>>> print(open('structure.cif').read())   # mmCIF, C-alpha atoms
data_final
loop_
_atom_site.label_atom_id
_atom_site.label_comp_id
_atom_site.auth_asym_id
_atom_site.auth_seq_id
_atom_site.Cartn_x
_atom_site.Cartn_y
_atom_site.Cartn_z
CA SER R 22 11.09 -3.91 30.78
CA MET R 23 10.70 -0.23 30.51
CA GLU R 24 12.76 -0.27 27.24
CA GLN R 25 10.28 -2.80 25.67
CA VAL R 26 7.41 -0.50 26.58
CA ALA R 27 9.17 2.55 25.06
CA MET R 28 9.77 0.53 21.87
CA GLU R 29 6.11 -0.46 21.86
CA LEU R 30 5.01 3.16 22.26
CA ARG R 31 7.23 4.09 19.20
CA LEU R 32 5.56 1.25 17.18
CA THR R 33 2.14 2.44 18.23
CA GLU R 34 2.92 5.95 17.17
CA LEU R 35 4.33 4.76 13.79
CA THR R 36 1.11 2.77 13.35
CA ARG R 37 -0.84 6.00 13.98
CA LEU R 38 1.12 7.89 11.37
CA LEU R 39 0.89 4.99 8.82
CA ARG R 40 -2.86 4.82 9.34
CA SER R 41 -3.11 8.47 8.35
CA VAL R 42 -0.75 7.78 5.34
CA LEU R 43 -2.93 4.80 4.32
CA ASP R 44 -6.06 6.90 4.42
CA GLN R 45 -4.52 9.62 2.33
CA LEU R 46 -3.26 7.10 -0.29
CA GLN R 47 -6.55 5.29 -0.44
CA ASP R 48 -8.28 8.62 -1.18
CA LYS R 49 -6.23 8.76 -4.35
CA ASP R 50 -8.13 5.61 -5.51
CA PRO R 51 -11.66 6.94 -5.64
CA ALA R 52 -12.78 4.16 -8.00
CA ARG R 53 -11.84 1.60 -5.25
CA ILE R 54 -9.86 -0.41 -7.80
CA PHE R 55 -7.23 -1.31 -5.18
CA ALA R 56 -9.51 -1.67 -2.18
CA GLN R 57 -9.76 -5.43 -2.04
CA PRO R 58 -7.75 -8.54 -3.16
CA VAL R 59 -8.05 -9.52 -6.77
CA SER R 60 -10.72 -12.29 -6.63
CA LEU R 61 -9.38 -15.78 -7.56
CA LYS R 62 -12.95 -16.80 -8.34
CA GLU R 63 -13.12 -14.01 -10.96
CA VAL R 64 -9.45 -14.12 -12.10
CA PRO R 65 -8.58 -17.80 -11.61
CA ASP R 66 -5.11 -17.63 -13.27
CA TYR R 67 -4.01 -14.57 -11.18
CA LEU R 68 -1.37 -16.31 -9.07
CA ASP R 69 0.26 -17.70 -12.23
CA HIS R 70 1.00 -14.03 -13.11
CA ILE R 71 1.38 -12.27 -9.76
CA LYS R 72 3.36 -13.95 -7.02
CA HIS R 73 2.75 -11.50 -4.19
CA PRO R 74 -0.79 -10.01 -4.47
CA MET R 75 -1.52 -6.87 -2.41
CA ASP R 76 -4.41 -4.47 -1.83
CA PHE R 77 -5.44 -1.82 0.64
CA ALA R 78 -7.61 -4.12 2.84
CA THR R 79 -4.71 -6.54 3.27
CA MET R 80 -2.42 -3.60 4.22
CA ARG R 81 -4.96 -2.36 6.74
CA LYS R 82 -5.07 -5.83 8.44
CA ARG R 83 -1.28 -5.81 8.71
CA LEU R 84 -1.24 -2.24 9.96
CA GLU R 85 -3.81 -2.86 12.72
CA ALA R 86 -1.83 -5.81 13.98
CA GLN R 87 1.12 -3.35 14.15
CA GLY R 88 2.84 -5.42 11.51
CA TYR R 89 4.78 -2.61 9.82
CA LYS R 90 8.08 -2.03 11.74
CA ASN R 91 9.22 0.95 9.62
CA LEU R 92 7.99 3.04 6.67
CA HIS R 93 10.06 0.97 4.13
CA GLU R 94 7.96 -2.16 4.87
CA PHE R 95 4.73 -0.15 4.35
CA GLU R 96 6.03 1.35 1.10
CA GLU R 97 7.02 -2.12 -0.15
CA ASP R 98 3.36 -3.22 0.13
CA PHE R 99 2.06 -0.03 -1.54
CA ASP R 100 4.47 -0.47 -4.42
CA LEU R 101 3.21 -4.09 -4.82
CA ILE R 102 -0.32 -2.80 -5.33
CA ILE R 103 0.88 -0.54 -8.17
CA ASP R 104 3.48 -2.77 -9.71
CA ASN R 105 1.22 -5.93 -9.73
CA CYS R 106 -1.47 -3.93 -11.58
CA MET R 107 0.89 -2.45 -14.14
CA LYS R 108 2.14 -5.96 -15.02
CA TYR R 109 -1.22 -7.81 -15.17
CA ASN R 110 -3.13 -5.10 -16.98
CA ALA R 111 -2.20 -3.46 -20.29
CA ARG R 112 -1.40 0.23 -20.73
CA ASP R 113 -4.75 0.99 -22.37
CA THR R 114 -6.88 -0.18 -19.41
CA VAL R 115 -8.64 1.74 -16.69
CA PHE R 116 -6.78 -0.50 -14.19
CA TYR R 117 -3.27 0.39 -15.42
CA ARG R 118 -4.19 4.05 -15.66
CA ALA R 119 -5.59 4.05 -12.12
CA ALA R 120 -2.31 2.61 -10.87
CA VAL R 121 -0.28 5.32 -12.62
CA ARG R 122 -2.41 8.04 -11.06
CA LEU R 123 -2.18 6.40 -7.60
CA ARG R 124 1.61 6.16 -7.89
CA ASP R 125 1.95 9.81 -8.99
CA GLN R 126 -0.40 11.19 -6.36
CA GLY R 127 0.86 8.92 -3.57
CA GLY R 128 4.48 10.07 -4.12
CA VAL R 129 3.72 13.46 -2.61
CA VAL R 130 2.14 11.90 0.52
CA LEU R 131 4.99 9.44 0.95
CA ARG R 132 7.67 12.10 0.49
CA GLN R 133 6.37 14.00 3.55
CA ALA R 134 5.72 10.83 5.53
CA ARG R 135 9.40 9.96 5.27
CA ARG R 136 10.37 13.40 6.60
CA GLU R 137 7.88 12.96 9.56
CA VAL R 138 9.10 9.48 10.37
CA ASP R 139 12.75 10.73 10.42
CA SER R 140 11.84 14.03 12.15
CA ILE R 141 9.75 12.50 15.07
CA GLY R 142 12.15 9.46 15.08
#
>>> encode(input="structure.cif", output="structure tokens")
Amino acid sequence: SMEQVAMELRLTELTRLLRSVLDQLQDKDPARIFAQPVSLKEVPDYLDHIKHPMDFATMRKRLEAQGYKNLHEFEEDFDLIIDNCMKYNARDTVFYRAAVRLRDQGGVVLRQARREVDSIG
């Protein structure tokens, strides 16, 4: 139908805007701490601690399959990256600290993304 096509165009355009959001957030992680899944070869107990692992590569795979229907879904996954790290790692670690800085800096980007998503519809 024409309506299904219109809906698909909307999804494609959200995907475009989320790709730009993802790039901007990933620039706030210049150490690449959050770039890839925590390795289960290197951290074999990880899934005993963290039940829903997340990382920027995994988000990118979902994004390119147009698997984010709305900004909330996307933000859920970004918050998992941060929140998983802040639980597994202690306060005094470069990992925890990187997550804090990513959260703080990403907030600004996400605040305007929400306005753009609402504004453009």
>>> atom_distance(input="structure.cif", atom1="atom CA of residue 72 of chain R", atom2="atom CA of residue 57 of chain R")
16.4 Å
>>> resolve_selection(input="structure.cif", expression="the PyMOL selection byres ((chain R and resi 118-134) around 12)", output="ChimeraX atom specification")
/R:35,37-55,76,91-93,95-97,99-117,135-142
>>> write_last_selection(input="structure.cif", atoms="C-alpha atoms", output="compact mmCIF listing (two decimals), in the coordinates of the input")
# COMPACT_ATOMS: atom_id res chain seq x y z
CA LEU R 35 4.33 4.76 13.79
CA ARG R 37 -0.84 6.00 13.98
CA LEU R 38 1.12 7.89 11.37
CA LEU R 39 0.89 4.99 8.82
CA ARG R 40 -2.86 4.82 9.34
CA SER R 41 -3.11 8.47 8.35
CA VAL R 42 -0.75 7.78 5.34
CA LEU R 43 -2.93 4.80 4.32
CA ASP R 44 -6.06 6.90 4.42
CA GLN R 45 -4.52 9.62 2.33
CA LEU R 46 -3.26 7.10 -0.29
CA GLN R 47 -6.55 5.29 -0.44
CA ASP R 48 -8.28 8.62 -1.18
CA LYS R 49 -6.23 8.76 -4.35
CA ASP R 50 -8.13 5.61 -5.51
CA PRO R 51 -11.66 6.94 -5.64
CA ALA R 52 -12.78 4.16 -8.00
CA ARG R 53 -11.84 1.60 -5.25
CA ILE R 54 -9.86 -0.41 -7.80
CA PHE R 55 -7.23 -1.31 -5.18
CA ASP R 76 -4.41 -4.47 -1.83
CA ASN R 91 9.22 0.95 9.62
CA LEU R 92 7.99 3.04 6.67
CA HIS R 93 10.06 0.97 4.13
CA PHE R 95 4.73 -0.15 4.35
CA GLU R 96 6.03 1.35 1.10
CA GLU R 97 7.02 -2.12 -0.15
CA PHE R 99 2.06 -0.03 -1.54
CA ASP R 100 4.47 -0.47 -4.42
CA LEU R 101 3.21 -4.09 -4.82
CA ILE R 102 -0.32 -2.80 -5.33
CA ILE R 103 0.88 -0.54 -8.17
CA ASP R 104 3.48 -2.77 -9.71
CA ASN R 105 1.22 -5.93 -9.73
CA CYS R 106 -1.47 -3.93 -11.58
CA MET R 107 0.89 -2.45 -14.14
CA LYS R 108 2.14 -5.96 -15.02
CA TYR R 109 -1.22 -7.81 -15.17
CA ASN R 110 -3.13 -5.10 -16.98
CA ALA R 111 -2.20 -3.46 -20.29
CA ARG R 112 -1.40 0.23 -20.73
CA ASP R 113 -4.75 0.99 -22.37
CA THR R 114 -6.88 -0.18 -19.41
CA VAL R 115 -8.64 1.74 -16.69
CA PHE R 116 -6.78 -0.50 -14.19
CA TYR R 117 -3.27 0.39 -15.42
CA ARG R 135 9.40 9.96 5.27
CA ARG R 136 10.37 13.40 6.60
CA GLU R 137 7.88 12.96 9.56
CA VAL R 138 9.10 9.48 10.37
CA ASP R 139 12.75 10.73 10.42
CA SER R 140 11.84 14.03 12.15
CA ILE R 141 9.75 12.50 15.07
CA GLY R 142 12.15 9.46 15.08
>>> atom_distance(input="structure.cif", atom1="atom CA of residue 84 of chain R", atom2="atom CA of residue 32 of chain R")
10.5 Å
>>> atom_distance(input="structure.cif", atom1="atom CA of residue 82 of chain R", atom2="atom CA of residue 25 of chain R")
23.3 Å
>>> residues_around(input="structure.cif", residues="residue 68 of chain R", least_positions_apart="4", cutoff="12 Å", atoms="all atoms listed in the file", output="mmCIF file with C-alpha atoms, in the frame of the given file")
data_model
loop_
_atom_site.group_PDB
_atom_site.id
_atom_site.type_symbol
_atom_site.label_atom_id
_atom_site.label_comp_id
_atom_site.auth_asym_id
_atom_site.auth_seq_id
_atom_site.Cartn_x
_atom_site.Cartn_y
_atom_site.Cartn_z
ATOM 1 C CA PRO R 58 -7.750 -8.540 -3.160
ATOM 2 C CA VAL R 59 -8.050 -9.520 -6.770
ATOM 3 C CA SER R 60 -10.720 -12.290 -6.630
ATOM 4 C CA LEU R 61 -9.380 -15.780 -7.560
ATOM 5 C CA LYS R 62 -12.950 -16.800 -8.340
ATOM 6 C CA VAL R 64 -9.450 -14.120 -12.100
ATOM 7 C CA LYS R 72 3.360 -13.950 -7.020
ATOM 8 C CA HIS R 73 2.750 -11.500 -4.190
ATOM 9 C CA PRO R 74 -0.790 -10.010 -4.470
ATOM 10 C CA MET R 75 -1.520 -6.870 -2.410
ATOM 11 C CA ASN R 105 1.220 -5.930 -9.730
ATOM 12 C CA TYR R 109 -1.220 -7.810 -15.170
#
>>> axis_aligned_box(input="structure.cif", around="segment 101-111 of chain R", padding_each_side="4 Å", output="JSON")
{"center_x": 0.2, "center_y": -4.2, "center_z": -12.6, "size_x": 14.6, "size_y": 15.3, "size_z": 23.5}
>>> decode(input="structure.cif", residues="segment 86-109 of chain R", atoms="C-alpha atoms", output="short mmCIF file (atom, residue, chain, number, x, y, z; two decimals), in the first residue's frame")
data_model
loop_
_atom_site.label_atom_id
_atom_site.label_comp_id
_atom_site.auth_asym_id
_atom_site.auth_seq_id
_atom_site.Cartn_x
_atom_site.Cartn_y
_atom_site.Cartn_z
CA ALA R 86 18.62 -3.32 9.76
CA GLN R 87 16.22 -0.43 10.62
CA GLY R 88 15.58 -2.11 13.94
CA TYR R 89 14.95 1.03 16.01
CA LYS R 90 11.25 2.04 15.63
CA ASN R 91 11.53 5.23 17.74
CA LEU R 92 14.18 7.21 19.65
CA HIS R 93 13.18 5.58 23.02
CA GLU R 94 14.35 2.14 21.77
CA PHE R 95 17.70 3.64 20.66
CA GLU R 96 18.15 5.43 23.98
CA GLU R 97 17.37 2.20 25.87
CA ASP R 98 20.38 0.54 24.17
CA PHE R 99 22.67 3.54 24.80
CA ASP R 100 21.73 3.58 28.46
CA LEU R 101 22.57 -0.18 28.64
CA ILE R 102 26.10 0.57 27.46
CA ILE R 103 26.56 3.08 30.30
CA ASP R 104 24.63 1.34 33.01
CA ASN R 105 26.26 -2.14 32.39
CA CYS R 106 29.72 -0.52 32.69
CA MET R 107 28.92 1.40 35.85
CA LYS R 108 27.75 -1.83 37.53
CA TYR R 109 30.58 -4.18 36.41
#
